[PDB]
Structures are given as C-alpha cells and as structure tokens.
Amino acid sequence: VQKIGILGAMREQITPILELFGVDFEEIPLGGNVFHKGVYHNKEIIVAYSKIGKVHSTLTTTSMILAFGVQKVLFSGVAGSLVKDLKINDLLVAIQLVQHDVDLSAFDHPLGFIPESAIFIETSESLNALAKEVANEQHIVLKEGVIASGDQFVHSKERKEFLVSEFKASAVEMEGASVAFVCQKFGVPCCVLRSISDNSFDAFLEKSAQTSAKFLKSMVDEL
Amino acid sequence: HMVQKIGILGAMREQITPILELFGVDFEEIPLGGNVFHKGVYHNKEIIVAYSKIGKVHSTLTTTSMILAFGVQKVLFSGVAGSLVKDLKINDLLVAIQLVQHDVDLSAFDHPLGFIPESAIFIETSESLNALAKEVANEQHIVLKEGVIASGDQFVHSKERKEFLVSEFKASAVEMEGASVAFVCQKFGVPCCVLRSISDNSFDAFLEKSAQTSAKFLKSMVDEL
C-alpha cells in the first residue's frame, strides 16, 4: 500500500485537511504529538501538526517516518516574504532550505553549515514537478524559491537583509528546513509549500488553510 | 536479548570507541537515518551507543531513533561544554539539573525568551540518575558540579552573548545538544542524565583525556543501575 505523510505548520490547518479528505481518521498519541491516520483511495494517509520550531518539527517528522512508515511527505504552511516580487498570497515551492541561525564560524565553517551535512537541503524533484503540474491544472501561480528557517520569529529589517545577502533567500519561517533535513536522512521524498503571509490576519489564515487542503489533496490524487 | 535497555549518547565522535572499549563486550553496528548505532549486552542490560551528531536537529533525530527503534528506557548523555562562570574551570565535570534552548526568540508575540508554546523555558533531567551520579562521584573522590546548561545552534564566543545567558537564564555552561536530548526523553517518559566536561577557562589532548574520564564515569553509573 502507499503510506503518505501530510504535515501542517499551524494547528488550524489540520481540521480543513481531514474534512476535505472525507474519510474517518483515528486519533493516535505518540511523544506529545497527535497523528491522524486514515485510508483514502487505498493509501494510508498520516496527518499531523508539526508544533513550533526545529526540535518539535524534527521529533514529529522522525516519529512519522519510524513509527507510521510514511514513504513521502507533504508539508504546507505560511512564510514571510523577503523580496518585493513575492506578494501576500503567492504560493512558493521550496527548491532549497537553509537553517539560518546556524553559526559554527568560530571553527571556520561558513554560516548555516553543520559537518556531515550541508548549508542547503534539497527537496524532491518529482514532488516539486507534480506541484507545478497541480498548480497549472488549477490556474495557480506557483513560484520557486529558497526558504530560510530558524527558532526566532524574524521581524527586524536588519535580520531580513542579512538573510537575502548571505543565503539568497526569498522567504522565512520556523520549521521547513528541519523537516526537509529529516526526510533526506531517511531517503524519503519531501515537498515543502508556503503561502506568503506578509511583505487583519485570521481571514488570511483561514482562506489559506482551505486552499492548501485542496492543493494537497490534488497532489495525493496523482500519487 | 535482555529486558532492560539503556542508551548512551556521546556529543563527540571521539567519545565512542573509549566507551565501547571499556564496557569490553561485542557490539554490532546498525545504520539508521544517517546515524550508526552500536548494540551490545553488558550485565543484564542491552546497551545502545551512538554519537549524537552536531546541533539541535541532529541530536533530536538520534535520540528519537534510539528511543523508538531500539526501545531504550533510560539515556545517559556525555560531552563537552564552555564555562560561563569563574568557579567552573577546565576539566570540571558538571551535571545539568535543568536545560534551556538559549536561541529561541518569540518575543514578537510577547513570550519570554526561550519559551515555545506547549513547552517550558527549563527542561528537567532525572532526580534519581543525578543522585546516582553524585553517589558515584563521592565513592571515587571526583568533583561533580550541578548547574543549568544552555544549548543553541551557535558556538558562543563573545562576552556580550555569555553575559546575556547568565543574566537571562542563570546558566553555568553552554553547548549545542543537551536541551534537545532532554526535551525528547521528557516527551517519551524516558529518564535522562546530561553530563559535560568543561573545555575552557591542546584541545585534542583535553579531548582524548576527557573521553577516557567520562567513559569510566558512565560505566560506573551503569554498574549501579
């Protein structure tokens, strides 16, 4: 059978996903997290909220793989734009992700680099081409970019500009890079999608929750 | 096979062969998620040893695999740290009573620095493993200090950052993996003890030295478990 992981970066994204898929979902607790497991079109679907920041999101993804056997992972959520051409409500597919807060510069490593790893983590060529396929069939503009992730909420103009000079990043958030890393380590194809959320707010989040559930279901139908 | 199983993590790859050697039994190598796990039997326990790799995502991943894939019920975590206070000097051994993620910053939503929703600023380790470390250090006339340990994904070297960690968190030392391991163990219900040799206040001689010291200490703890 197929086994597919869907991770949401905000708790409010989860209900809209379960309801769109239509099938019953068993609630299953493991290590502080909650995993929703259902059958749709004869595939196992595992859905969960990541929780906040890199340790939380690493734990959730690691448990999704080792405990539920998911074979592919789809991670939606929200990011802040760092460049003018990226406007509120654009959908961005991450080709590369960087942990922006990593600094081993004292040992002569460049910023973002950990030994036995790399500065930029790649996502799955096949899932990304399918997202472009889904987006075209649905008349959505899907833009391509580098996402930066870290355990700070980045608001200041100075930190934003450093992220663009050093990593060539388009957008910023808190979980993406850790999730894509874990998937690489286990040889599990991953796709990370973000709707742009800044350049009064619940409405933006609600709607973006509804439309991401639709886009993910459409990727699953093709898988 | 045995009923009891214990995980032993090292924050430096240099710490592993001394540990494997001192326990003296045969270890089988099991690769998983980019990590290598050494599985052996000593006394009436299965022992699982692994290097954590560097920083918070690495170490969170290794611990989760150790708990989930090999069923460890207790975890002992050794490595090196930097001093933040004057009475903590090179070659001291320190037990972390509590741990904090010093780099977390959600102050834009009015959260105290270090706090993440659904968690706490301070993560706790095992009172009973810590009192055991203390009993062992008495028996062998070894110095074991007790303190708060700060972790984050930057090698901290400036005076401004060191003084923020003291004033904000009352930390006594700083390193890059402790808080994340104590956090995961907490999430699964697994008692955890974190032990650090102080590396500051040549580097390699200090390392080969401390790896021997800490492997003896770790084995002294298991012989009493």
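Here, each number is a calculation from the coordinates, and none is a lab measurement. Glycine also receives a Cβ, built like all others from the backbone with ideal geometry; neighbour counts cover every protein chain displayed.
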Residue count for the stretch B:79-122, restricted to those that are among the aliphatic types (A, V, I, L, M) and more than 21 Å from residue B:192 (Cβ to Cβ): 7
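Using the structure shown, decide if residue A:3 is among the basic types (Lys, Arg), away from chain B (no Cβ under 13 Å) and within 27 Å of residue A:143 (Cβ to Cβ).
On the way: among the basic types (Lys, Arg): yes; away from chain B (no Cβ under 13 Å): yes; within 27 Å of residue A:143 (Cβ to Cβ): no.
No; evaluated as a whole, the condition is false for this residue.
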Has the stretch A:21-35 got at least one residue that is buried (at least 17 other Cβ atoms within 10 Å of the Cβ), within 20 Å of the chain's Cα centre (by Cα) and within 17 Å of residue A:222 (Cα to Cα)? yes
If you scan the stretch A:192-217, which residues turn out to be under 14 Å from residue A:8 (Cβ atoms), surrounded by fewer than 24 Cβ atoms within 10 Å (Cβ to Cβ) and not hydroxyl-bearing (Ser, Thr, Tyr)? A:205, A:206, A:209, A:210, A:213, A:214, A:215, A:217
Inter-residue pairs, beta-carbon under 6 Å, first more than 8 Å from chain A (Cβ to nearest Cβ) and in the stretch B:177-191, second in a helix (DSSP H, G or I), 6+ apart: B:177/B:59; B:181/B:59; B:181/B:63; B:190/B:67; B:191/B:129
Residues that are surrounded by fewer than 19 Cβ atoms within 10 Å (Cβ to Cβ) and not in a loop (DSSP other than H, G, I, E, B), drawn from the stretch A:81-98: A:95
Identity of the residue in the stretch B:120-141, among the β-branched types (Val, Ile, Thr) and closer than 30 Å to residue A:175 by Cα, that ends up farthest from the other protein chains (Cβ to nearest Cβ): B:125
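In the stretch A:99-119, which residue that is exposed (fewer than 15 other Cβ atoms within 10 Å of the Cβ) and not in a loop (DSSP other than H, G, I, E, B) is nearest to the other protein chains (Cβ to nearest Cβ)?
So, considering only residues that are exposed (fewer than 15 other Cβ atoms within 10 Å of the Cβ) and not in a loop (DSSP other than H, G, I, E, B), the one nearest to the other protein chains (Cβ to nearest Cβ) is A:106.
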Looking only at the stretch A:85-98, which residues are of a type in the set (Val, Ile, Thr) and within 14 Å of chain B (Cβ to nearest Cβ)? A:98
Residue A:47 - would you say it is among the β-branched types (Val, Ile, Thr), more than 14 Å from chain B (Cβ to nearest Cβ) and out of contact with any helix residue (DSSP H, G or I) (no Cβ under 9 Å at 6 or more places or on another chain)? no
Which of (1) over 24 Å from residue B:62 (Cβ atoms); (2) within 10 Å of another protein chain (Cβ to nearest Cβ) is the odd one out, the single condition residue A:144 does not satisfy? (2)
So the check is Cβ under 6 Å with 6+ separation or different chains; which pairs have a first residue in the stretch B:40-69 that's under 18 Å from residue B:187 (Cβ atoms) and a second one that's among the acidic types (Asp, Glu) and in a loop (DSSP other than H, G, I, E, B)? B:52/B:177; B:56/B:153; B:59/B:177
Exception for residue B:64 within (1) away from chain A (no Cβ under 11 Å); (2) assigned to a helix (DSSP H, G or I) falls at (1)
Taking into account only those residues within the stretch B:17-43 that are among the hydrophobic types (A, V, I, L, M, F, W, C) and touching a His at 6+ places or on another chain (Cβ under 7 Å), which is nearest to residue A:114 (Cα to Cα)? B:20
Residue count, the stretch B:50-64, condition surrounded by fewer than 24 Cβ atoms within 10 Å (Cβ to Cβ) and touching a strand residue (DSSP E or B) at 6+ places or on another chain (Cβ under 6 Å), comes to 2
